[PDB]
Amino acid sequence: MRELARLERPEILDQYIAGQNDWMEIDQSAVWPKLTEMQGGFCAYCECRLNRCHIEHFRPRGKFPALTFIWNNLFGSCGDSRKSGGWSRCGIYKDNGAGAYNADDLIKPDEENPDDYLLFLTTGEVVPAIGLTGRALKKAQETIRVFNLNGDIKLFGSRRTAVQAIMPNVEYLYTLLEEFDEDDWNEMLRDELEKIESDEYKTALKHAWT
Amino acid sequence: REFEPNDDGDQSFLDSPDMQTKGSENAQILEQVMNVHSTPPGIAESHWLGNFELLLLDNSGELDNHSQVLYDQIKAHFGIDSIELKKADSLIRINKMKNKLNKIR
Amino acid sequence: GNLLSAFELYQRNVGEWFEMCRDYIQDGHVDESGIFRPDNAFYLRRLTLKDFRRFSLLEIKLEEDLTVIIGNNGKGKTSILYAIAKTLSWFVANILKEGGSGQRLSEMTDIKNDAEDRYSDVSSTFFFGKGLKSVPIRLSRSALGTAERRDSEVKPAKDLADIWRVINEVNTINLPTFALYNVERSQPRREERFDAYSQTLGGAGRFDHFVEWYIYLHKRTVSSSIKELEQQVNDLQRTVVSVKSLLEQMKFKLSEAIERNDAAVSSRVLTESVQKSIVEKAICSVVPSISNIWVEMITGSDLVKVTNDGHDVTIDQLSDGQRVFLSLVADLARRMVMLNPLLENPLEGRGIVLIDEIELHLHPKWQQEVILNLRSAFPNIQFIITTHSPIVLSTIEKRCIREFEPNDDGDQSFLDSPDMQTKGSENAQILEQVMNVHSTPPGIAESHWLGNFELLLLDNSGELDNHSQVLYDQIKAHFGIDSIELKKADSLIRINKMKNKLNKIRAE
Amino acid sequence: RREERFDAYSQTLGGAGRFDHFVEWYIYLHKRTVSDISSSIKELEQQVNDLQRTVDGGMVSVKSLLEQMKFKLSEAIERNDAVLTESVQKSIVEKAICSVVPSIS
Amino acid sequence: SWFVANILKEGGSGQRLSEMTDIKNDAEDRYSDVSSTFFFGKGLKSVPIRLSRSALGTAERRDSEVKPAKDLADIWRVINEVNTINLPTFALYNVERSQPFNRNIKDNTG
Ligand SMILES: Nc1ncnc2c1ncn2[C@@H]1O[C@H](COP(=O)(O)OP(=O)(O)O)[C@@H](O)[C@H]1O
Ligand SMILES: [Zn+2]
């Protein structure tokens, strides 16, 4: 899960007003390219490469019908209402599978940095970060549970496998720290951390490298 | 063709998997197509490496008494030439080096 | 504390020797975990096969708790279980009847086809506490048309079974359970205690038998001295229209009480309500994703229902694999309850249970669970099982595993444990290190591409040449942009570039 | 299915009847009637009333049975309270049989 | 089954859907349909067959539509009668295939 930078708001949300208009009405192809600029073609919560993808209301339209056509509230999530098979993480699970949750106790990736709350182990679990108590623990726990970031076997698998592919390269860089001067070795690590923005599960790869 | 019906047993279409299966590793097909963990979740020993990693990260990368005990358990259970022990060794090496860098900074 | 000597003294004469025999069989203790443990355990220790089917000479040592036999098709895993079941038939026959005859080796099929000496031997050694450390039995058969016949040696089995039978006749004791569940389990009067031995070594564990039995038990246990019951029946009879149903129920209860009173010490049995409860607990404990089982009659037909993964469904909604497994556990539990009436938990009774192809018809998901709870539900049973499943093996310790070498031409003397620890290991590793199966199918060209790609990189000093690029593109095109295979290739490129940079710095 | 209305036409002109179908259908009706809780409550209420009259008449031996039945009644009432057409069907047929067949009461 | 029956015999009948087991219990229309489309070269791109069954007492009957399958099977049968041709194999192997072997085997009736 990444720290997102929400920067410019699209024109079409001005036209549609909550109460009068429904989400079925609004055209979605206007909305996407601004999200795809923010999110880099990756999912908001899990960091899939998006290919089957939907617009998600971070606070849902049932509980919060006021927060409907709000640029803060929208995110591009992996999954699909249409296609067969009940999707089992992220947007879709938050509604259907996760059940009862307080939306106040969830990490919102545009507002907050997730990195202080979440830790990605190289064994492929995501866990609460080292030394959290009270509310900070409760957000970390509920984010993991509600988006199903460990419990989706497909996701747990993909992330574990992606990291375990790079762990020879991580091992090997931190041997060469011995021999080189600082500025060359710091360039090497800068270069590797540059590459992984093109990659899937970029947060988990960061924690492995850094 | 994947057959995942609803609780009433009813389905409308059968979908192909997203992953190419032909020539792929079996472990990947287990997880990505059959939706089953490659390691048995009900076995405690399946979680030891994860727990070991967490202990190492809690103690700034140094083998403390608790991490050493678990390391010894991993060694004793899986053996000296096990993939699991090699991964543990790798974790130690990497985390020690990361900590050294942190201290220099 | 020699049991046979004590029994011989009992038979010749008397109360003291009887008590000694009974205490040897019945004494036990509850361990730290709250599980009853017999002081004198009963299990098969060793098996030797000579010129039997494919085996010229084979020796197997068994674990007290769980032994899993693995190997390719036609390595003789089923043959081993058959050999044991025939031996166990001699105990069962003699517990039921003095001088009862067990089963015998086939002169048509069981003798090895190229055996120079034209006979076969199955030698088994059993253990029954420190008083009876060795109970040897040998089944033998000579080939058809051989001049000289080889005799089986079954007297020790008969002697031991006699002790169980005779002591039980005088005073009820708990009895050992023997059962075989073969692959045929999948194919589509009052109850006496020793019905537990009926079809135990062939025919055990059919779904239909369970459902019928379970509904029967339910109907009986829907809704107490004999004299008091007799008085209540008499009072209700005098009152007798609305109380007629109650009278019939009470008459049934009275008849049952009289029957139990009239019934013999050797056939002492727990109430139908208790029997039902124990079996339900066994099923729910062992069968993965079943949390509850019950009988409904609201629709107007008798339905067995289950709570499967949190949903209440009819038992006909279960897959055939899940039904067959439920039947196996139910059948086993039923026999244990009948044979162990004196135990607080009858499932803590002794016995030997053989299961062929435990994973039969099971999806991978429930293969990951089946063995976890079998040993917890039946702590004093010796299980001897066969499997082809790496998923099953991932839940079992290497000490319990006995493997045939892949090159075994039927001459080899011992089965041994694998070198690698299986319990908690990854599937791919078990396949390669224990089952000798590659992670990718060798018969598919694409299975070799990543390996070839790596070799090409190493041949060209780590630089991505025309040939390596072509193959890279092929991998990308076939497996896809986010495939594991491509990620590994990418990793190889990145690491080789870094290695080369280091090499250049060192050269300068 | 024996409860399905058009099963009434099954082998109707075959010459024998289907007495087996009757018995199956009758057992079906019985199970549904017993499973209906209010009739069971009414039946249980009637049984409790009959047993209470016996206890009031000086038969102290049936007091234990009355207490058990009162408990069962209370439990049935406590369980979510809501005339079965199946109950009426059953009664009609019983009356017909008893009225026409002289030896059967 | 409808192809096999008609290759063997003119006017042969294949198997039918059951009124008891094959119709969905909560079907509003109270009938069931199994529709198949076969391909036989560019000259016969579509050979449609429908097997149907209605519940007892419904106002209208739902009948099977089997004529294209019969017509095609008739070509195979008739042409074969005049001059031998190769014929298609149809087979189903269920879990029932796992059964024990009777070692004793029957004399050649022919
Ligand atoms: N009498 C015999 N002589 C020699 N080989 C035999 C004989 N009977 C069976 N076999 C061989 O034993 C194997 C079958 O053993 P079985 O236990 O059924 O195999 P699996 O391990 O697959 O269960 C086959 O290789 C068969 O050819
Ligand atoms: Zn996602």
Side-chain angles (χ1 to χ4, degrees), chain C residues 214-224 228-229 231-233 235-254 256 271-274 276-277 280-281 284 291-307 310-314, chain D residues 3 25-95:
Chain C
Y214 191 60
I215 292 161
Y216 161 92
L217 245 65
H218 175 74
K219 286 177 177 165
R220 285 185 65 128
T221 55
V222 161
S223 323
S224 301
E228 185 253 58
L229 271 150
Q231 218 114 18
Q232 279 178 3
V233 168
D235 291 344
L236 269 144
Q237 205 289 108
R238 108 79 158 281
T239 54
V240 103
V241 179
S242 59
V243 298
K244 205 173 72 62
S245 85
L246 284 159
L247 180 73
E248 279 289 356
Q249 269 177 8
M250 272 264 131
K251 276 183 176 181
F252 180 77
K253 269 184 77 67
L254 185 70
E256 208 178 1
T271 58
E272 290 178 298
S273 184
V274 169
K276 188 183 161 68
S277 68
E280 288 173 318
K281 119 188 299 84
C284 297
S291 54
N292 195 19
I293 186 162
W294 70 97
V295 179
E296 263 181 30
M297 310 196 285
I298 55 100
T299 58
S301 295
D302 315 315
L303 300 175
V304 176
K305 287 201 171 180
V306 294
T307 305
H311 301 290
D312 296 354
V313 293
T314 275
Chain D
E3 62 285 354
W25 177 79
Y26 189 64
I27 294 165
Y28 162 93
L29 281 172
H30 173 74
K31 286 178 176 160
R32 285 194 60 73
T33 307
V34 168
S35 288
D36 183 85
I37 311 158
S38 46
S39 44
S40 300
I41 292 170
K42 258 179 182 179
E43 254 177 351
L44 270 149
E45 268 177 346
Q46 212 166 353
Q47 279 178 4
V48 168
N49 277 341
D50 285 42
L51 269 144
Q52 200 81 241
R53 273 182 193 166
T54 329
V55 170
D56 294 343
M59 256 179 181
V60 184
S61 58
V62 294
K63 211 175 182 180
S64 86
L65 211 88
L66 179 74
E67 275 211 345
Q68 269 176 10
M69 274 302 112
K70 202 84 162 67
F71 157 74
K72 268 184 179 290
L73 186 70
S74 85
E75 213 182 353
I77 293 170
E78 253 181 350
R79 273 186 195 123
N80 291 284
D81 293 0
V83 179
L84 271 196
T85 184
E86 286 85 7
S87 67
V88 174
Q89 293 180 0
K90 188 176 193 299
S91 66
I92 287 159
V93 164
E94 291 175 303
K95 287 185 318 90

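Naming: A, B, ... by sequence-line order, numbering from 1 per chain.
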Does a sphere of radius 6.0 Å around [atom1] in [X] hold more than 12 heavy atoms from other residues, nucleotides or ligands, not counting ones at 6.0 Å or beyond?
X: D/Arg53; atom1: CZ; answer: no
X: D/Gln46; atom1: CD; answer: no
X: C/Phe252; atom1: CZ; answer: yes
X: D/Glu67; atom1: CD; answer: no
X: D/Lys72; atom1: NZ; answer: no

Would you please test C/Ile293 and C/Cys284 for side chain to side chain contact (heavy atoms under 4.5 Å, CB included) and show each step?
-> CA-CA 7 Å; C/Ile293 186 162; C/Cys284 297; 4.2 Å; yes
Nearest heavy-atom pair of [X] and [Y]: which atoms, and what distance?
X: D/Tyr28; Y: C/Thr299; value: CE1-O, 3.5 Å
X: C/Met250; Y: C/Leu236; value: CG-CD1, 3.9 Å
X: D/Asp50; Y: D/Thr54; value: O-OG1, 2.7 Å

Kindly compute the distance separating [atom1] ([X]) from [atom2] ([Y]), expressed to the nearest 0.5 Å.
X: D/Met59; Y: D/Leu66; atom1: CE; atom2: CG; value: 14.0 Å
X: C/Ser301; Y: D/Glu3; atom1: OG; atom2: CD; value: 6.0 Å
X: D/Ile37; Y: D/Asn80; atom1: CD1; atom2: CG; value: 8.0 Å
X: C/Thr239; Y: C/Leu246; atom1: OG1; atom2: CG; value: 9.0 Å
X: D/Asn49; Y: D/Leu44; atom1: CG; atom2: CG; value: 11.0 Å
X: C/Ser242; Y: D/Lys42; atom1: OG; atom2: NZ; value: 14.5 Å

When you compare the side chain of [Y] with that of [X], does any pair of heavy atoms fall below 4.5 Å?
X: C/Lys219; Y: C/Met297; value: yes
X: D/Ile41; Y: D/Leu73; value: yes
X: D/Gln89; Y: D/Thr85; value: yes

List the steps and the verdict of side chain to side chain contact (heavy atoms under 4.5 Å, CB included) for C/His218 and C/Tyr214.
-> CA-CA 6 Å; C/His218 175 74; C/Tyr214 191 60; 6.0 Å; no
Exactly one candidate in D/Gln47, D/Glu75, D/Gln52 meets side chain to side chain contact (heavy atoms under 4.5 Å, CB included) with D/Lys70; the answer is D/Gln52
Pick from D/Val83, D/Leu84, D/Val88: which one makes a side chain to side chain contact (heavy atoms under 4.5 Å, CB included) with D/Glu86?
-> D/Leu84
Could you tell me whether a side-chain N or O of C/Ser273 sits under 3.5 Å from a main-chain N or O of C/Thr221, the two making a donor and an acceptor?
-> no
Checking D/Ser39 side chain against D/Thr33 main chain: does a donor-acceptor pair fall under 3.5 Å?
-> yes
